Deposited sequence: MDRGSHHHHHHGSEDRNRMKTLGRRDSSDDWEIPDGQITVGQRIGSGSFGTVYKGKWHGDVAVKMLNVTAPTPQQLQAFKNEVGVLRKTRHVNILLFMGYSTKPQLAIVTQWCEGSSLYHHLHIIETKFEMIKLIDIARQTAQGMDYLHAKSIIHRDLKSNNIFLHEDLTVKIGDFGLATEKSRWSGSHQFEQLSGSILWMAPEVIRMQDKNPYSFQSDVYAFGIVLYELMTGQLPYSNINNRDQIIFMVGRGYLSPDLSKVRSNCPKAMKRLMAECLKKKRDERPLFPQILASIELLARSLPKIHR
């Protein structure tokens, strides 16, 4: 079992809070991250069993490591502690300038993790650079580091919400396409539009899409074509991760 026996965790500094939990740094055989999700309602009890259920199906280096869960006093999920910042932070907050080979490597490791989740029939549903951690500044850890459950990474069919369920291996691929655009541009899509509602309406109709012409000239053609393919408006034109990963792997070998 992964139940952490009671009172073994030394909860330290609070890292963040939102409507759906509070996250702390803890001590449990070393540093850990602890997310505490509250007396708990049945909506909350169910979301807890779901996240635990999904986490415990994963053992891969590019996916954040689940370590256990506590049930009392509060519902809590315990994972490894990550050191450093999200890809979002590096690209758009402290604007780190990475060597092309490092951008491509970030791309590779994210594709590795996603390929993995999908091999297990796990749809992420919220992949964004903010949920890509660069641990030790070198290793990608995909998780969900947010506390609020996000439109720039949302596939057109997700926005319309007309074919519901709209989430699919392919909506994840789209999001990943938006991550590659960030990698290869240093920027978020649609930065010259300052109106959320319109981006929403325009992406969902296919009126607006990421400006691929902004892609750095030192980016390999093959990476640019991969981006355009992932970003495809009609979901089943998008490659899946086995194909996505093989491409990044192929181009890196050059």
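Where does the structure fail to cover the deposited sequence at the C-alpha level?
Several regions go unmodelled: 1-29, 68-69, 181-196, 302-307.
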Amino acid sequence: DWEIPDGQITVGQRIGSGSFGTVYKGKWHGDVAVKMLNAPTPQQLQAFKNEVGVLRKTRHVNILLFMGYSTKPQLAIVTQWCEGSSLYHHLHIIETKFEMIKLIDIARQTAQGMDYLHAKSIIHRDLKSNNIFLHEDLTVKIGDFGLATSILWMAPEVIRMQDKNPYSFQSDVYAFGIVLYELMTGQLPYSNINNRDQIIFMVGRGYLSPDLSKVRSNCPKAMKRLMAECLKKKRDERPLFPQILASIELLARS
From here on, numbers count along this sequence of modelled residues.
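What we label the rigid core is the largest C-alpha set whose atoms superpose within 1.5 Å from one form to the other.
Relative to this form, superposed by the core, which stretch has the greater CA RMS in 4 other deposited structures of this protein: 48-56 or 209-217?
Greater root mean square C-alpha distance in 4 other deposited structures of this protein: 48-56.
Just give me the stretch that moves more in 4 other deposited structures of this protein: 160-168 or 140-148, judged by RMS C-alpha distance after a core fit.
It is 140-148 whose C-alphas lie farther from the shown form in 4 other deposited structures of this protein.
Check: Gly18 without coordinates in a third or more of other entries:
Yes.
Out of 88-96 and 176-184, which stretch has the higher average CA B-factor listed in the record?
For C-alpha atoms only, the mean B-factor is higher in 88-96.
Look up the CA B-factors in the entry and say which stretch, 117-125 or 133-141, has the higher mean.
Looking at the record's C-alpha B-factors, the answer is 133-141.
Using the B-factor values recorded in the entry, state whether the Cα atom of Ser168 falls in the lowest, middle or highest third among the modelled residues of its chain.
Middle third by C-alpha B-factor.
Relative C-alpha B-factor of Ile106, binned into the chain's lowest, middle or highest third
It belongs to the lowest third of the chain when residues are ordered by C-alpha B-factor.
Using only modelled residues of the chain, where does the Cα B factor of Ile193 rank: lowest third, middle third or highest third?
Middle third of the chain for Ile193's C-alpha B-factor.
How does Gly68 rank on Cα B-factor within its chain, lowest, middle or highest third?
Bottom third by C-alpha B-factor.
If you rank every modelled residue in this chain by C-alpha B factor, which third holds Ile15: lowest, middle or highest?
Highest third of the chain for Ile15's C-alpha B-factor.
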